[PDB]
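*Asks:* got the complex split up, this is the first portion:
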Amino acid sequence: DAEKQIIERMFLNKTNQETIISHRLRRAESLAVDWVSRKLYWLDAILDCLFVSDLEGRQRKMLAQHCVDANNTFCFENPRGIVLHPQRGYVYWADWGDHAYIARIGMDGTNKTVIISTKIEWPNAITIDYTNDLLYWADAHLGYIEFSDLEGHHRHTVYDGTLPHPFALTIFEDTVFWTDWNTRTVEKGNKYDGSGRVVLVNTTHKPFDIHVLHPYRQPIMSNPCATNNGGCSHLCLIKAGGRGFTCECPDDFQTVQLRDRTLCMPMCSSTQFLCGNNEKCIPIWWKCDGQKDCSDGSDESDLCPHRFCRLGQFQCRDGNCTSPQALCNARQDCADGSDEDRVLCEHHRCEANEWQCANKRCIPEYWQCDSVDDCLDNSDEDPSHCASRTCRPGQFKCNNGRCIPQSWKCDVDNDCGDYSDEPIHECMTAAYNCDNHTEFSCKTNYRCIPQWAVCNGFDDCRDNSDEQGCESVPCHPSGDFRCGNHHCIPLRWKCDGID
């Protein structure tokens, strides 16, 4: 649930309903469930990462970050869809960022690989057929459903540019079912040639992610982690290739190897709290809130002060309440000043999409040398720091110590202020030619815009060539609606109360 930002589980008889993950879900796009090793996998598009947990939410680990091809050509930016294959020990996902891709990783985090990298712009849907080891995906911009073999070496089209904005896809027998946003419908067709096509139902809201429920869609295989979690202390995950298992530690633990053994050492920070079983480490405000958070009950002990504040608020010695974001932000928000106590802020750690300042404050990484004093100690824009800075995978650095997406290099806007992001003598080379399937070129300059940007009502390239000839641009035969401005919009947006 994205409005509540939670994960919920229920029984198929509607008898019991439970919330499993309720914390640190910024923008969770898709969920996968593993029946062999009894695991839950999901994607987050604000932390730009992939997570694994147990079906009861008792432990969590992050298996992928940054870039999938070691060359930095593709990287987690908008990861939408996920599918699992246990017999091969692989996890497959898709991303619809500037550089769209489909990638596979091993269920223990190993063998990070890119499978599809061409003729792909908006891959919302990804699924696998276990009867013959085939991988299917759908693209909403190019309007297709394609299937390949699990390595990506052969490609075939079920539909070849006729589907307006699909979102999710599933397969059973000789049939494939998919959900469509722009016509708000669920459709079935034949998985090899798209023959025998019908609309099963249409809805008032957006249909979202579809599944087929039958035993054969979760095939039987032996669990390698079955006997006592394979001896693993915290997490047991299937190895890449599907044979054998790997022991691992939650995300605030350090993993180390010993003779025929593995060890997890808790390394969790101030403003966090550790449980006696070394199971998990939890935020400090959880420590005494009336809710048992450690499985052993180690946090919610009787030897605790009175809990004045609401559940999830942070409490000061005075018995006053502040939002946890207040804690260690270099300004006093609580009378006691416990909000900025040295004991709590020393050895403090920020979120994965943040950078830390000498005063133990966290700011988004894009603020880091934006020429603004975002940190009151001015530690972010220290000239020595902005000069020695090395930026994270998949973005590009400028002389003034500022970093921008790799895509922003070689176009028309001086994104770094200084024109170092656009070295003309490099940008005018054949290396920056527009993708002939998914991009449009503007006659006055060396800038590419996505094909959906053309005739959208905006001057996306500064010569306005992308909005000139729109009387000639047809709308998609079904799924689009046309405006007297010679614009095309999704038919879901007709009669929605917004201009």
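*Replies:* Nice, I can see it. Numbers count the residues shown, from 1 in each chain, chains lettered A, B, ... in the order given.
*Asks:* tell me the secondary structure for the nearest residue to residue A:279 once chain neighbours are set aside?
*Replies:* When the adjacent residues along the chain are set aside, residue A:279 lies closest to residue A:295, with 5.7 Å between them (C-beta to C-beta, 6 or more residues apart in numbering). Every C-beta, even on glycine, is put in place using the N, C-alpha and C of the backbone. Taking DSSP: H, G, I helix; E, B strand; the rest coil as the rule, one finds residue A:295 in the coil state.
*Asks:* Quick check: residue A:191 vs residue A:129, distance?
*Replies:* The spacing between residue A:191 and residue A:129, counted by C-beta to C-beta, to the nearest Å, is 7 Å.
*Asks:* Who are the contact partners of the nearest residue to residue A:192 once chain neighbours are set aside?
*Replies:* Nearest-residue entry for residue A:192: residue A:158, 6.9 Å, with adjacent residues in sequence omitted and distances by C-beta to C-beta, 6+ apart. Residues in contact with residue A:158 (C-beta atoms under 8 Å, 6 or more residues apart in numbering) are A:136, A:144-147, A:176, A:189-194.
*Asks:* Tell me the buried residues within the residues you listed.
*Replies:* For the contacts of residue A:158, burial is judged from neighbour counts taken by 16 or more other C-beta atoms under 10 Å, and it is met by A:136, A:144-147, A:176, A:189, A:191, A:194.
*Asks:* Make a markdown table out of the residues you listed and add secondary structure.
*Replies:* As requested, these are exported to a markdown table (three-state DSSP):
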| residue | secondary structure |
| --- | --- |
| A:136 | strand |
| A:144 | strand |
| A:145 | strand |
| A:146 | strand |
| A:147 | strand |
| A:176 | strand |
| A:189 | strand |
| A:191 | coil |
| A:194 | coil |
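*Asks:* build in chain B:
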Amino acid sequence: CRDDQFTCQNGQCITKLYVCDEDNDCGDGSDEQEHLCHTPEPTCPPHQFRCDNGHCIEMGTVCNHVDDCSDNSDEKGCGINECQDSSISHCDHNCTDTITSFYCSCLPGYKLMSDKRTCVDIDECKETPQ
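*Replies:* Same chains as before, plus chain B:
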């Protein structure tokens, strides 16, 4: 750009004659794109026959026993049934003579190879899962 000019993806206008001159007049290489310069040039009508010198002959004139074409392949072996011969057309599976010279074919389900004499077997379960 001018009417006389050609426009490049890098945003340069060049005199149109430059196109496909094989000079990289535009650093983007738009000026020398393969699909821009390629043409269906090797063609002659169904009424005609085509010869190695770049010349085409009416089918009645072919095999008149007289040079129509510099290479003489209109006459060189015209009317000979090469697939009745054995040393030539040393071919794997099936040989079909044509009015001059020969051509070769593989058995159904097999594939024919670039030497135009060898036969191969398709891996159907990768070539066409359908």
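*Asks:* again for the nearest residue to residue A:192, since chain B is there now?
*Replies:* In this structure, residue A:192 finds its nearest non-sequential neighbour in residue B:130, 4.3 Å apart by C-beta to C-beta, 6 or more residues apart in numbering or on different chains.
*Asks:* quick one: secondary structure of the residue sitting nearest the centre point of chain B?
*Replies:* Nearest to the mean C-alpha position of chain B, counting by C-alpha atoms, centre = their mean, stands residue B:42 at 6.6 Å. Three-state assignment for residue B:42 (three-state DSSP): coil.
*Asks:* For it, give me its contacts.
*Replies:* residue B:50 (C-beta atoms under 8 Å, 6 or more residues apart in numbering or on different chains).
*Asks:* What are the boundaries of the helices in the chain?
*Replies:* No chain was given, so I picked chain A. Read by DSSP state H, chain A holds these helices, from start to end of the chain: A:342-345, A:383-388, A:424-427.
*Asks:* Sorry, I should have been clearer: chain B.
*Replies:* Applying DSSP H to chain B gives helices spanning B:34-37, B:124-127.
*Asks:* Nearest to chain A, out of those helices?
*Replies:* Each of the helices of chain B has some distance to chain A by C-beta to the nearest C-beta; the shortest is helix B:124-127, at 6.3 Å.
*Asks:* hey, C-alpha coordinates of that closest one in CSV?
*Replies:* Extracted as CSV, the C-alpha positions of helix B:124-127 are listed here (Å, rounded to 0.1, in the frame of the first residue of the first chain):
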residue,chain,number,x,y,z
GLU,B,124,14.2,-25.3,-33.8
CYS,B,125,13.8,-25.0,-30.0
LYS,B,126,15.9,-21.8,-30.0
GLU,B,127,15.1,-20.5,-33.4
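*Asks:* Not counting it itself, show me its contacts.
*Replies:* Contacting residues not belonging to helix B:124-127 are listed as A:149, A:154 [C-beta under 8 Å, 6+ apart].
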